Every structure is written in structure tokens, then in C-alpha cells.
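Colleague: One structure is given below, represented as C-alpha cells, and several questions about it will come after.
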Amino acid sequence: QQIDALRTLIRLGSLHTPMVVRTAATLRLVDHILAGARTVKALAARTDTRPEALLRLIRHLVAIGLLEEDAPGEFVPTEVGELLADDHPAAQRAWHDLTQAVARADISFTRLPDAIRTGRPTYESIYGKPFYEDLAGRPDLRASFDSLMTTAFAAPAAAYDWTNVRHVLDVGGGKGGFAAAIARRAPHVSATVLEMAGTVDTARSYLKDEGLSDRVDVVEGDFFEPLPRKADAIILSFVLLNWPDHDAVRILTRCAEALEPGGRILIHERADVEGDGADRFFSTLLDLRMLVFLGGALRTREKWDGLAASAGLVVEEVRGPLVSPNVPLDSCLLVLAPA
Amino acid sequence: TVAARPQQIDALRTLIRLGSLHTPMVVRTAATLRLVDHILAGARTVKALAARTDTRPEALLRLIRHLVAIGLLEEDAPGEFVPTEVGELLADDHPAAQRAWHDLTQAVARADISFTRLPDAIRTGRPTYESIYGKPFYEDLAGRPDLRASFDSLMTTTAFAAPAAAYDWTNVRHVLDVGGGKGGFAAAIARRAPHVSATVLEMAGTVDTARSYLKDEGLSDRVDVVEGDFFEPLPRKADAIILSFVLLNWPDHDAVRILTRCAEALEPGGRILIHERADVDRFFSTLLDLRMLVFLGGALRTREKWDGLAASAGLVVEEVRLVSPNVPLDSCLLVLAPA
Ligand SMILES: CC[C@@]1(O)C[C@H](O)c2c(cc3c(c2O)C(=O)c2c(O)cccc2C3=O)[C@H]1C(=O)OC
Ligand SMILES: CC[C@@]1(O)C[C@H](O)c2c(cc3c(c2O)C(=O)c2c(O)cccc2C3=O)[C@H]1C(=O)OC
Ligand SMILES: Nc1ncnc2c1ncn2[C@@H]1O[C@H](CSCC[C@H](N)C(=O)O)[C@@H](O)[C@H]1O
Ligand SMILES: Nc1ncnc2c1ncn2[C@@H]1O[C@H](CSCC[C@H](N)C(=O)O)[C@@H](O)[C@H]1O
């Protein structure tokens, strides 16, 4: 009765289990196993690890249900464990790779009390630069982050009607997947992706390869500055949660000043609601991630109305639960009009 | 179109739970802020909680949301949070001391940061603690008396009566508890066999806490305490020399160094008693074993590994007695004799 509470709490507060997974991801272990390395001796060679040490790590991967000893000395991935394959469409190996952007950013959680004391992010205290200024100097991290955010925008593009939309402006649109999804849904629409340096190059590649350059262009810029052009739909897809309140209102005010008459601003975000249930585990992961990464947050409908009002907008409507293929969390789309 | 397959989303939701860094650090933050003690002391609103914890209220409520989601807190009344049964273990007076084991300002939860560089320990085989805090574990503690004290308190959580009944002290006159901590093992023995005297061999600072604890137990007359280094010649000889949760702190060559010192300190017909978990719930065995890796380059050891280590120091494993208290992990007692 009390040992179960004791076993639960130790298990909840255990730091070695998440880091065992992340180490297994960074080492590309499941890939090497599926590539024919069953033993510790071969796996340790492929992963350039000490065999004694690798086995102790494997012992825990077996214990938490990711690896299984099928035949003596041979380890294979379980059903959950196969999701650590590098070509799995959930991209969970890349999400737990300590060399890529997100899992490297998750070290900010080691200083959570600081962020709770101040409400301000800890990523800078660990890595010396705020997140996006750090990506701007680390082309490997900029590259790996941009590919993670693309893990296809089909549901959010169907939740809007484009018939009288002429141009679309995807502010912070990453690689262009949302803009490309729109262009595939409405052949008359042209779009522009306003993105950061480095990201603009891979946004132009993806749109070229989609065959859509003749319709979706890319502008490198800053969305706290005057936006490059006016549009009938200004898209904010997973941007505003990166930002404290005054910075989100800044972005919105810039998006409002670029709205054509009858235009709209589209916030495509997870907005936490009170009665999620078992869905709160992943809402709180994102929200806390936004705190320690950047000082941003997930917002409720009440908060958006205040943000929109501060930016001279108003929340017309929210389109219901939007389901994406390989996420644990549905998102939604808020339609904003001039106040 | 988008296709949401539950069995995939369940395994995906499972893996994210396993690799998530925020759940353990949320717990660790709750323990360091002493959140459960404050709620018990009459702070129920997040306002009073933030005032007692000196945190930003909006940031504290976002931490509580995950605490509620992982089942350590529940919302009795709106804005009113209380510790669940599992969460009650975070109370500082609880006998499992779980809040202190998760206190980021105390020794163990602080040392757990070594896990953030686990791939380094798996690639190279020895600890990462020094690369984070500037010194190997016990040298760090010698310069931080708060951590020295904090660690010593933690290790005291029976009071060693369980493995004390496992040895027959009839023909033991004096006992040397090498690295004996506060003296609980010495005291547990002394309280069980009134003829045996004892000498505890410990480090600076720990000698004071051991000395004072052995006086408040009515035992200064019987158990002596000597400050020393067990890599050096032991201060005197004994009929039983205890190594209780010492050798797992050390790689193979340092362990045979300690064992040699004990064999050289043996009275004729004397024995060396190793008190540890002999590697064979695997979840909690792996925590200690991997902790000993990233903390100190140590490890749990199977019996066959003990035979080699014993031989290298001129010892032989005489018998292995499986103790079974009520903690997650059961300890064993290896008896070692000269060859
Ligand atoms: C919340 C669950 C979710 O599935 C929802 C959504 O897919 C999402 C996630 C993660 C992130 C971002 C997302 O939008 C994101 O924008 C972001 C960012 O801008 C800057 C740094 C990290 C992140 C980041 O880690 C997913 C997740 O697995 O963990 C939080
Ligand atoms: C097997 C694990 C166990 O559950 C049971 C066991 O009592 C034990 C634990 C923890 C520690 C030590 C233990 O012996 C221990 O000796 C030690 C040490 O010598 C030096 C530094 C840290 C530690 C340390 O953190 C418990 C635990 O909570 O997980 C490891
Ligand atoms: N100051 C700034 N100006 C322009 N873009 C910025 C910016 N600060 C952050 N960003 C961009 O905002 C994006 C947030 S991630 C959003 C990606 C994409 N819109 C999607 O829905 O998947 C990042 O790609 C980052 O490059
Ligand atoms: N070089 C050294 N000489 C003497 N003691 C040492 C030492 N290096 C580490 N130690 C001690 O080894 C102990 C390991 S923790 C074990 C404590 C006690 N035997 C128990 O069972 O609870 C620590 O108290 C630490 O102070």
C-alpha cells in the first residue's frame, strides 16, 4: 500500500529513465538493432560505446519495456520501442536525440525552480544565448529544429475557407508546410512565408520540391518589424506560444496592420482547456517547455480575448478539435478580425 | 487524409511519458520548494503557496497543473490544492524522506544532473559528475559541508538491524565499519552484541555527525570514530570489518584497493562483510547501478564478479546471505575470508 506510493513517486521523480531513452535515441540503438546487430558486442561497436556500460543501459531499456531479450544475448525492440526507429513517421528518435534542438533544449528543465521563481526562461543560462538567437548561430540546430516542427497540415487547412482569399501570409511559417497545404487545397491562392535566416533556405527547397514555387514565395525577415505585405489571411501557426504576453501582442499588432479589408488572422495553436483528462500530461509538457525554452505559454480562450483586444483584434470563432496524424495532442484554430 | 490510429497513439503516448524530462523535474521542483509541507501548514490557495515558496504565482499554478496531472496533487475546491496519498510522501517528516531525495539543493537530487550527460558515461564508462560540478563526488562534498551533511542524513534512510542479525558475533571482539557513515551499522551491531566494541572509519565532517549520533544512542563508550582514508592503512585491526554500501561507489581497481586494506587489517580468523545489492525490481536495481556509474564510476556486481574482485585482493567469498526489509531493493551480505 505504502510501498506502491513509494514506488510510484520514485518512478515519477526518476531522472535516469528519460535520459536512458534519450541516450538510446542519440546512440541510434534501435536502428542498429534493426540493422542486424543483436549482441552487445556488435551494438557497442556500431555505437562506439563500452560494452559493459551499454549492457547496463540495455538492462534498463528492457526494464521499461522498450527492449526485449529474444534468445540469449540478443535484444530486439518492443512495440513501443520500434517508435525509436529513425524512419518512424512519429520522429520520436529525433525528438529524443540530445544532439538535436528539442532534447538539447529540454536540459532547461534541470533549472525549473529558477523559471518558477521568475517566470523567465532558463535556456539562456545553460547555453549562453536565447533559443532562436542560439539557433541562428548553430546551423545544425536550426536545421534539426525546422525538420522537427514538420512532424501534413491537412486538418488546419480544411478548417478554413479560402474562396475569397487572394493571398496568404504565413508568419513564422517554418518550412512552408501549412502554406503548401493551403496551396494544394485552393489553386487560386498565392502565399508568402515570412521566416528566419537558415529556415528560409529549406523553406524554399520544400516549396520548390512540392512544385509550388510559382505560387508560394519566401521572405526572410522579422515579425516584430513591419510585415512584408498585406494579405486576406495572416497565419500564426505555433508562434504565439513561444512568446510572453507583450511580445505576442506585438506580433498580433503587426499582423493586424497587414490585413487587407475583410482579412483575417489565423492562430493555429494548442489552447489548453480545463477538462482535458488524460490529455493534461502533454498540454503541461508543451506549456512548461514554452516556459523554460522561451518564456512563452499555452493560453486559454479568456487570455486570447485579452491579447486580441490589446492588439486591436477580436476572436471571431474557434474551429474545433483539429487532429494531426502523429501527435499525442489535438490543436485548434482561432479566427481573429479587426475589433 | 489524416489517419489517427489509437494503438500507435497509445505507444506514442507511452514513449513520450518514458522519455519526458519535465515530470521528474516537476516532482523535484515540488520537493525543493517544499510545496507539500506548505500546503499541509495551511496554505491552500496558489497565492499563499507562491508567497511561502517565493515564486511567481502564474508560474506556480502551471507547475501545479502538471503536479495534478501526475497525481501528486488534487484540487479539492477551486484554487485549492491538496496532496494525494502518493503526494503525501513529499511531506518532509515522512519516514521515506522522499522530499529530501528529490531536493535539488541536497546531495543526491543534485548529483542526478550527471544523468544529463549519460551518453558520455556509456561511451567512456566512468562518471560525469565532475564535468558538471568541477570535482569528483566525494571531493565535491569535502568542500561543501551542506552537501556533506545532506548526503549523510540521506544515507541513514530499520536502522541496520536487518543485516545485523545475519552474522554471528560470538567470536567477534572488535568491529571496524570502514566508511560506516553515521554509525548505524556499528550501533545496530553494538546494540545486538554487548561484548563487541567498534570503530567507525569515515571522512571529515561525517565523523562529527557519526560521533554525535553515537552519543545520543548511549554508545560512545562502545563505538569509536576515526577520521581517515580507507585507501590508506586502516587505523587498527578487527575481527569483523564492514563495507556497507561502500564498494559499489568505486570501479574495480579502487574496490580491490579497499579490499586489500581490509584484508591487511584482519585479525586471524577474521572476516570481511560486504553489505550491498548483488545484481541479478530491475527498475530500482538499475537506478542504483546507473547512479553509481554517472556519480562515481561504480556499479552493482554479480556474485561471479565478486569472486574475481575477492581473489585480486587475496580474499575468497565464503557465503552470501535476501535481507528483505520494506524498501524497493533488498540487500545481501557477502562474507569474505583470506585465501
Ligand atoms: C505539446 C505536445 C506536442 O505534440 C504539440 C505540438 O506538436 C508541439 C510539440 C512540441 C513543441 C512544439 C509544438 O508545437 C513547438 O512549437 C516548439 C517550439 O516552437 C520551440 C521549442 C520546442 C517546441 C516543442 O517542443 C509536441 C511535443 O511533443 O512536446 C511539447
Ligand atoms: C537500489 C536503490 C535504492 O532503492 C535502495 C538502496 O537503499 C539505495 C538507494 C539509493 C542510493 C543508495 C542505496 O543503497 C546508495 O547506497 C548510494 C550511495 O552509496 C552513494 C550515493 C548515492 C546513493 C543512492 O542514491 C535507493 C534508491 O532510491 O535508488 C538508488
Ligand atoms: N522574430 C522572428 N521573425 C520571424 N520568424 C520567427 C521569429 N522568431 C521565431 N520565428 C519562427 O517562428 C517559428 C515557430 S515554430 C512554427 C513553425 C510553423 N509555423 C509550424 O506551424 O509548424 C520558427 O520556425 C521560427 O523560425
Ligand atoms: N576515501 C574514503 N575514506 C573513508 N571513507 C570514504 C572514502 N570515500 C568515501 N567514503 C565514505 O563512504 C561512504 C559511502 S555511503 C555508505 C555509508 C554507510 N556505510 C551506510 O551503509 O549507510 C560515505 O559515507 C563516504 O563518506
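Quick note, the sequences are listed as chains A and B, same order. Take the first sequence: its letters are residues 12 to 162, 167 to 354, numbered as in the authors' numbering. Take the second sequence: its letters are residues 6 to 162, 166 to 288, 294 to 334, 337 to 354, numbered as in the authors' numbering. Every residue, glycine too, gets a C-beta built ideally from N, C-alpha and C.
Give the straight-line distance between the Cα atoms of A:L328 and A:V31, rounded to the nearest whole angstrom.
Modeller: Using only the alpha carbons, I get a separation of about 46 Å.
Colleague: Would you mind sorting B:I280 into buried or exposed? The rule is 16 or more other CB atoms within 10 Å of its CB.
Modeller: Burial call: buried.
Colleague: Identify whether A:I44 lies in helix, strand or coil by the three-state DSSP scheme.
Modeller: Reduced to three states, the DSSP call for A:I44 is helix.
Colleague: Quick check on B:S25 - is its C-beta less than 8 Å from some C-beta in chain A?
Modeller: For B:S25, the answer is yes, since a Cβ of chain A falls inside 8 Å of its Cβ.
Colleague: Determine which residues of the region 19-43 of chain B have a Cβ less than 8 Å from any Cβ of chain A, and write them out in chain order.
Modeller: Answer set for the region 19-43 of chain B: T19, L20, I21, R22, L23, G24, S25, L26, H27, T28, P29, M30, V31, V32, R33, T34, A36, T37, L38.
Colleague: Hey, A:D97 and A:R39 are a contact pair by Cβ (cut 8 Å); roughly how many whole angstroms apart?
Modeller: Right, their Cβ atoms sit about 7 Å apart.
Colleague: Would you report the Cα separation of B:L251 and B:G187, rounded to the nearest angstrom?
Modeller: Looking at the two C-alpha atoms, the distance is approximately 7 Å.
Colleague: With respect to 7 Å, is the separation between the Cβ of A:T214 and the closest non-hydrogen atom of ligand 3 below this value?
Modeller: Yes, since a heavy atom of ligand 3 falls inside the 7 Å radius drawn around the Cβ of A:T214.
Colleague: Please list, in chain order, the chain A residues whose beta carbon lies closer than 7 Å to that of B:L65.
Modeller: Simply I127.
Colleague: State buried or exposed for B:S339, treating a residue as buried only when at least 16 other CB atoms are found within 10 Å of its CB.
Modeller: So B:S339 ends up on the exposed side.
Colleague: Just verifying my parser: in three-state terms, what is the DSSP assignment at B:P259?
Modeller: Three-state DSSP puts B:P259 in coil, outside helix and strand.
Colleague: Does the Cβ-Cβ distance between B:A36 and B:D108 come in under 8 Å?
Modeller: Result yes, Cβ atoms of B:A36 and B:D108 sit closer than 8 Å.
Colleague: In the DSSP assignment, find the unbroken alpha helix (DSSP H) run with A:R115 in it and report its ends.
Modeller: It spans 112-116 - the alpha helix (DSSP H) in which A:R115 sits, taken as one unbroken run.
Colleague: From what residue to what residue does the beta strand (DSSP E) around A:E317 run?
Modeller: Not the beta strand (DSSP E): A:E317 falls in the alpha helix (DSSP H), residues 316-325.
Colleague: Between A:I266 and chain B, is there a C-beta pair that is closer than 8 Å?
Modeller: Judged by the 8 Å Cβ criterion, A:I266 is not in contact with chain B.
Colleague: Against chain A, with Cβ distances strictly below 8 Å, would B:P343 count as a contact?
Modeller: It does: the Cβ of B:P343 has a partner Cβ on chain A nearer than 8 Å.
Colleague: Is B:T207 helix, strand or coil by DSSP?
Modeller: In this structure, B:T207 counts as strand in the three-state DSSP scheme.
Colleague: Give me the chain B residues within the contact set of A:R269, using Cβ-Cβ distance strictly less than 9 Å, ordered along the chain.
Modeller: Correct list: empty, because the minimum Cβ distance to chain B is about 25 Å.
Colleague: Measuring from the CB of B:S155, is there a heavy atom of ligand 4 at a distance below 7 Å?
Modeller: Incorrect: B:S155 has no Cβ contact closer than 7 Å to ligand 4.
Colleague: Compare the C-beta of B:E90 with all C-beta atoms of chain A and state if any pair is closer than 8 Å.
Modeller: B:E90 counts as touching chain A.
Colleague: Which class does B:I280 belong to by DSSP, given the choice of helix, strand or coil?
Modeller: If DSSP states are grouped into helix, strand and coil, B:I280 belongs with the strands.
Colleague: Once you ignore the five residues that flank A:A102 on each side, which residues in its own chain have a CB closer than 7 Å to its CB?
Modeller: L159, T162.
Colleague: So which of A:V87, A:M211, A:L222 has the shortest CA-CA distance to A:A196?
Modeller: Comparing Cα positions, the closest option is A:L222.
Colleague: For ligand 4, I want to know if residue 356 of chain B counts as a neighbour, meaning its beta carbon is within less than 7 Å of at least one of the ligand's heavy atoms.
Modeller: Not covered by the structure: residue 356 of chain B. The range shown for chain B is 6 to 354.
Colleague: Taking A:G188 as the query, report the chain B residues whose CB atoms sit under 9 Å from its CB, ordered along the chain.
Modeller: In chain order: nothing, as chain B lies at least about 20 Å away.
Colleague: Using a Cβ-Cβ distance cut-off of 8 Å, determine whether A:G311 contacts chain B.
Modeller: It does not: the Cβ of A:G311 has no partner Cβ on chain B nearer than 8 Å.
Colleague: Please classify B:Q111 as buried or exposed, where buried requires at least 16 neighbouring CB atoms within 10 angstroms.
Modeller: The residue is buried, with at least 16 neighbouring Cβ atoms inside 10 Å.
Colleague: Quick check: does the Cβ of B:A170 come within less than 7 Å of any heavy atom belonging to ligand 1?
Modeller: For ligand 1, not one heavy atom lies less than 7 Å from the Cβ of B:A170.
Colleague: From the beta carbon of B:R57, is the nearest beta carbon of chain A less than 8 Å away?
Modeller: So no, B:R57 is outside the interface.
Colleague: Among A:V204, A:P29, A:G236, A:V350, which residue has its Cα nearest to the Cα of A:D117?
Modeller: Ranking A:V204, A:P29, A:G236, A:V350 by Cα distance to A:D117 puts A:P29 first.
Colleague: Check whether the region 137-152 of chain B and the region 207-220 of chain B are in contact - that is, three or more C-beta pairs closer than 8 Å.
Modeller: The region 137-152 of chain B vs the region 207-220 of chain B: in contact.
Colleague: Give me the residue from A:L267, A:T178, A:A218 with the minimum Cα distance to A:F193.
Modeller: The option with the nearest alpha carbon to A:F193 is A:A218.
Colleague: Taking the beta carbon of A:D229 as the centre, do at least 16 other beta carbons fall within 10 Å, making it buried, or is it exposed?
Modeller: Flag for A:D229 reads exposed.
Colleague: Show which residues of chain A have a CB atom less than 7 Å away from the CB atom of B:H261.
Modeller: Going along chain A, no residue has its Cβ under 7 Å from B:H261, so there is no contact; the nearest lies around 14 Å.
Colleague: Relative to the C-alpha of A:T60, which candidate in A:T34, A:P171, A:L344 has its C-alpha closest?
Modeller: Ranking the options by Cα distance to A:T60, first place goes to A:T34.
Colleague: Going along the region 106-118 of chain B in order, which residues come within less than 7 Å of chain A, judged by CB to CB distance?
Modeller: Per Cβ criterion, the list reads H107, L109, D117, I118.
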